[PDB]
Colleague: 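Below is a structure I'd like to ask you about.
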Amino acid sequence: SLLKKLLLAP
Amino acid sequence: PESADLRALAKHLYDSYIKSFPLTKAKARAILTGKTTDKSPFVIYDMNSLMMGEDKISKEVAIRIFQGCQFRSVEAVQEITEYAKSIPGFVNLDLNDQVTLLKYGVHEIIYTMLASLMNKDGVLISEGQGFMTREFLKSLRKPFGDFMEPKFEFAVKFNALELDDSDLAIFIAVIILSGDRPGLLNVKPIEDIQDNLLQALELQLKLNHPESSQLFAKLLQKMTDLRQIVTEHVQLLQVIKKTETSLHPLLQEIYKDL
Ligand SMILES: CCOc1cc(CNC(=O)c2c(OC)cc(O)c3c2OC2=CC(O)=C(C(C)=O)C(=O)[C@]23C)c2ccccc2c1
């Protein structure tokens with residue numbers, strides 16, 4: 001998901 | 001030492017808030033009240049001034065402005081995500097729980113942070129380079145005028161509390177770490193983080209607002225009010241989606257099954 005991608009980006 | 005650690009936590013949150021959110025209440029009030037050397041915002045109060053200010057900040061105006069709110073909200077969601085990741089314990093939560101906390105939390109925080117950029121007369125836009133009047137926004141045709149107005153209604157009441165950025169950093173953290181969001185898998189670790197953030201918030205308000213004993217209890221109620229406020233926002237957006245013949249994918253994801 002897009003939220004998951006945002007959360008995982010250092 | 002316990003209280004000292006709560007102050008250290010408060011400061012950590014404030015410092016992270018300053019790194020995550022370019023548009024602080026301090027900076028916004030400096031612009032709104034006029035206490036800044038920097039350029040005065042371009043004021044947009046009607047269709048004509050909107051046209052003129054396009055560069056400072058085939059679709060009809062109401063739609064254009066609605067899309068503008070969407071793009072700012074998308075930017076805000078990303079800022080809020082970065083801030084959330086700075087809250088001690090958050091990135092160690094189950095990743096799906098992190099997603100859940102943002103999904104249910106971001107619009108409550110957007111309403112909160114929008115208030116920082118508002119007065120009774122209008123809202124700062126485009127990093128404070130524009131000021132769009134409440135009257136202009138409220139006058140936009142149905143159903144868009146009624147989409148804008150509740151954000152000002154909340155801001156007026158919330159700004160009466162006279163919170164500063166240091167208070168807001170902790171208030172926002174407490175909201176994000178809500179253990180009763182629908183569909184959370186591991187509740188206790190979230191509740192334990194929130195309990196500590198609530199202690200930090202109570203101490204912050206006691207020290208920063210010593211003459212307002214009621215403020216903590218009032219903020220706890222605002223957290224409850226914000227859930228009702230956002231449910232109404234989401235309903236209105238569902239109405240717009242079906243009755244108007246576009247929605248950003250990030251927002252579509254957040255609203256889906258909310
Ligand atoms: C929670 C839903 O999101 C919101 C968000 C906001 C914040 N809105 C804005 O910042 C906001 C706005 O605002 C009028 C009007 C507006 O015209 C624009 C805004 O920000 C924009 C980003 C853009 O990328 C634009 C373009 C063309 O690309 C715009 O035009 C901008 C400049 C709100 C502001 C006032 C009332 C309700 C609101 C609800």
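Sequence lines set the chain letters: A, B, ... in the order given, protein chains first and strands last, and positions in each chain run from 1.
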Colleague: Can you list the steps and then say if B/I109 with B/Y83 is a side-chain contact (heavy atoms from CB on, under 4.5 Å)?
Modeller: CA-CA 11 Å; B/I109 302 319; B/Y83 180 63; over 6 Å; no
Colleague: Check the orientation of B/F147 and B/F66. Use parallel for under 30°, tilted for 30 to 60°, and perpendicular for over 60°.
Modeller: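 Correct class here is perpendicular.
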Colleague: Grab the two heavy atoms, one from B/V91 and one from B/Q98, that are nearest each other, plus how far apart they are.
Modeller: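 Shortest heavy-atom contact: O-NE2, 3.3 Å.
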Colleague: Can you give me the closest heavy-atom contact between B/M118 and B/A155, atom names plus distance?
Modeller: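 Smallest interatomic distance, heavy atoms only, reads SD-CB, 3.5 Å.
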Colleague: About how many Å separate CG of B/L117 and CD1 of B/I31, when rounded to the nearest 0.5 Å?
Modeller: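 Those atoms lie 8.5 Å apart.
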Colleague: Could you go step by step and tell me if B/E135 and B/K138 meet the salt bridge (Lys or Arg N to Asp or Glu O under 4.0 Å) rule?
Modeller: CA-CA 5 Å; B/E135 287 168 354; B/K138 184 177 168 200; over 6 Å; no
Colleague: Rounded to the nearest 0.5 Å, what's the gap from OG on B/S49 to CZ on B/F131? Could you check?
Modeller: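 Atom-to-atom, B/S49:OG and B/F131:CZ are 12.0 Å apart.
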Colleague: Taking the side chain as C-beta and beyond, is there a heavy-atom pair between B/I57 and B/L50 under 4.5 Å?
Modeller: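 Side chain of B/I57 against side chain of B/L50, heavy atoms only: contact under 4.5 Å found.
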Colleague: Linking I/L/V/M/F/W/Y whenever their side-chain heavy atoms sit closer than 4.5 Å, directly or via other members, would B/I87 and B/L6 fall into one cluster?
Modeller: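 They do not share one cluster, since no chain of ILVMFWY contacts under 4.5 Å joins B/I87 to B/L6.
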Colleague: Show your reasoning for whether salt bridge (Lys or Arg N to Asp or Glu O under 4.0 Å) applies to B/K27 and B/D38.
Modeller: CA-CA 11 Å; B/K27 288 174 172 179; B/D38 298 12; over 6 Å; no
Colleague: Verify the neighbour count for atom CD of B/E60: are there more than 12 heavy atoms of other residues, nucleotides or ligands below 6.0 Å?
Modeller: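 Atom CD in B/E60 is packed in, count exceeds 12.
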Colleague: With distance as the sole test, does B/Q78 use its side chain to make a donor-acceptor pair with the main-chain N or O of B/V74 at under 3.5 Å?
Modeller: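 Yes; at least one donor-acceptor contact below 3.5 Å.
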Colleague: Under 3.5 Å, side chain of B/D97 to main-chain N/O of B/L185, donor-acceptor pair present?
Modeller: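 Side chain of B/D97 to backbone of B/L185, a donor-acceptor pair under 3.5 Å: yes, one is there.
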Colleague: Check the angle between the aromatic planes of B/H233 and B/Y111 and answer parallel, tilted or perpendicular using the 30° and 60° thresholds.
Modeller: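 Rings of B/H233 and B/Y111: perpendicular, over 60°.
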Colleague: Mark yes or no for whether B/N159, through its side chain, and B/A115, through its backbone, hold a donor-acceptor pair below 3.5 Å.
Modeller: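 Yes, the answer is positive, given that a donor and an acceptor are paired below the 3.5 Å cut-off.
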Colleague: Mind checking whether B/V61 and B/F136 have side chains closer than 4.5 Å, heavy atoms only?
Modeller: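 In short, these two side chains touch, coming nearer than 4.5 Å.
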Colleague: Decide, yes or no, whether a salt bridge links B/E153 with B/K157 under the criterion of side-chain N to carboxylate O below 4.0 Å.
Modeller: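 Not counted as a salt bridge, because no side-chain N and carboxylate O are separated by less than 4.0 Å.
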Colleague: Any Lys/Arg nitrogen of B/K188 or B/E191 sitting under 4.0 Å from an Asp/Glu carboxylate oxygen of the other?
Modeller: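 Judged by the 4.0 Å cut-off on N to carboxylate O distance, B/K188 and B/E191 do not form a salt bridge.
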Colleague: Would you say the side chain of B/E108 lies within less than 4.5 Å of the side chain of B/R227, judging by non-hydrogen atoms?
Modeller: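 In contact.
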Colleague: For the atom pair SG (B/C69) and CD1 (B/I110), what is the distance rounded to the nearest 0.5 Å?
Modeller: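 With rounding to 0.5 Å, SG (B/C69) is 10.5 Å from CD1 (B/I110).
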Colleague: Do the side chain of B/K85 and the main chain of B/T81 share a donor and acceptor less than 3.5 angstrom apart?
Modeller: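 Checked: no pair found.
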Colleague: Where is the tightest heavy-atom contact between B/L114 and B/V123, given as atom of each residue plus distance?
Modeller: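 Distance-wise, the nearest heavy atoms are CD1-CG2, 4.2 Å.
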Colleague: So does B/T24 get a backbone contact from the side chain of B/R29, meaning a donor-acceptor N/O pair under 3.5 Å?
Modeller: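 Not at all, since once roles are kept as given, no pair shorter than 3.5 Å links the two residues.
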Colleague: Step by step, work out the side-chain contact (heavy atoms from CB on, under 4.5 Å) result for B/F42 and B/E54.
Modeller: CA-CA 10 Å; B/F42 189 90; B/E54 285 292 320; over 6 Å; no
Colleague: Would the number of heavy atoms belonging to other residues, nucleotides or ligands and lying under 6.0 Å from NZ of B/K25 be above 12?
Modeller: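 Enclosed: over 12 neighbouring heavy atoms sit under 6.0 Å from NZ of B/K25.
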Colleague: Please report the shortest heavy-atom distance between B/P41 and B/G128, naming the atom on each side.
Modeller: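 Nearest pair, atom of B/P41 first, then B/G128: CB-O, 3.5 Å.
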Colleague: Specify the closest pair of heavy atoms between B/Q204 and B/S166, including all atoms of both residues, with the distance to one decimal.
Modeller: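 Minimum heavy-atom contact is NE2-CB, 3.6 Å.
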Colleague: Donor-acceptor pair, B/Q194 side chain versus B/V174 backbone, under 3.5 Å?
Modeller: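 A pair under 3.5 Å: yes.
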Colleague: For side-chain contact (heavy atoms from CB on, under 4.5 Å), just list the numbers for B/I190 and B/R181, CA-CA rounded to whole Å, side-chain angles, deciding distance to a tenth of an Å, and then say yes or no.
Modeller: CA-CA 10 Å; B/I190 296 166; B/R181 302 308 193 181; over 6 Å; no
Colleague: Would you call B/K256 and B/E253 a salt bridge, taking side-chain N to carboxylate O under 4.0 Å as the test?
Modeller: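 No, no charged N to carboxylate O under 4.0 Å.
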Colleague: Any heavy-atom pair between the side chains of B/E127 and B/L23 that's under 4.5 Å?
Modeller: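 Yes; the side chains approach each other to less than 4.5 Å.
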Colleague: Less than 3.5 Å apart, which donor and acceptor atoms pair up between the side chains of residues 209-225 of chain B and the rest of the protein, not counting sequence neighbours?
Modeller:
residue, atom, partner, partner atom, Å
B/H209, NE2, B/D167, OD2, 2.7
B/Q221, NE2, B/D225, OD1, 2.9

Colleague: Which heavy atom of B/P143 sits nearest a heavy atom of B/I240, and at what distance?
Modeller: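 Shortest heavy-atom contact: CG-CG1, 3.8 Å.
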Colleague: In Å, rounded to the nearest 0.5 Å, how long is the span from CD1 of B/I172 to CG of B/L201?
Modeller: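 Interatomic distance, B/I172 CD1 to B/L201 CG, rounded to 0.5 Å: 11.0 Å.
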Colleague: Give the cluster check for B/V156 versus B/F171: same hydrophobic cluster or not, with ILVMFWY residues linked at side-chain heavy-atom distances below 4.5 Å.
Modeller: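 No; B/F171 is not reachable from B/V156 via cluster members.
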Colleague: Quick one: do B/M47 and B/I44 end up in the same hydrophobic cluster if we chain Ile, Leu, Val, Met, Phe, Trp and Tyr together by side-chain heavy atoms under 4.5 Å apart?
Modeller: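 Yes.
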Colleague: Can B/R141 and B/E244 be counted as an ion pair, charged N to O under 4.0 angstrom?
Modeller: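 Answer for the salt bridge query: yes.
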Colleague: Between the side chains of B/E232 and B/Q235, does any donor sit under 3.5 Å from an acceptor?
Modeller: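 No donor-acceptor contact under 3.5 Å links the two side chains.
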Colleague: Can B/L101 and B/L93 be said to form a side-chain contact (heavy atoms from CB on, under 4.5 Å), step by step?
Modeller: CA-CA 10 Å; B/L101 293 179; B/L93 301 168; 3.9 Å; yes
Colleague: Measure the shortest side-chain to side-chain distance between B/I65 and B/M148 over non-hydrogen atoms and say whether it is less than 4.5 angstrom.
Modeller: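 The answer is yes; the side chains approach within 4.5 Å.
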Colleague: Measuring from B/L168:CG to B/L13:CG, what's the distance to the nearest 0.5 Å?
Modeller: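 That separation rounds to 12.0 Å.
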Colleague: Among the clusters formed by ILVMFWY side chains lying less than 4.5 Å apart, do B/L137 and B/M51 turn up in the same one?
Modeller: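 Linked, B/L137 and B/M51 end up in one cluster.
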Colleague: With B/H107, which of B/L251, B/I229, B/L258 fulfils side-chain contact (heavy atoms from CB on, under 4.5 Å)?
Modeller: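 That would be B/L251.
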Colleague: Any heavy-atom pair between the side chains of B/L205 and B/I170 that's under 4.5 Å?
Modeller: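 Result no, sub-4.5 Å side-chain heavy-atom pair not found.
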Colleague: Starting at CG of B/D165, measure out to CZ of B/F21 and round the result to the nearest 0.5 Å.
Modeller: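 With rounding to 0.5 Å, CG (B/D165) is 10.5 Å from CZ (B/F21).
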Colleague: Side-chain contact test, heavy atoms from C-beta onward, threshold under 4.5 Å: evaluate it for B/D94 versus B/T100 and give yes or no.
Modeller: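 Of all side-chain heavy-atom pairs linking B/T100 with B/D94, none is under 4.5 Å.
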Colleague: Would you check if B/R64 and B/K59 make a side-chain contact, meaning some heavy-atom pair closer than 4.5 Å?
Modeller: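 A side-chain contact under 4.5 Å exists here.
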Colleague: Decide whether B/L207 and B/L197 are clustered together by the hydrophobic rule: side chain heavy atoms of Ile, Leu, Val, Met, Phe, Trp, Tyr closer than 4.5 Å, transitively.
Modeller: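 As far as the 4.5 Å side-chain criterion goes, B/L197 and B/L207 are not connected within one cluster.
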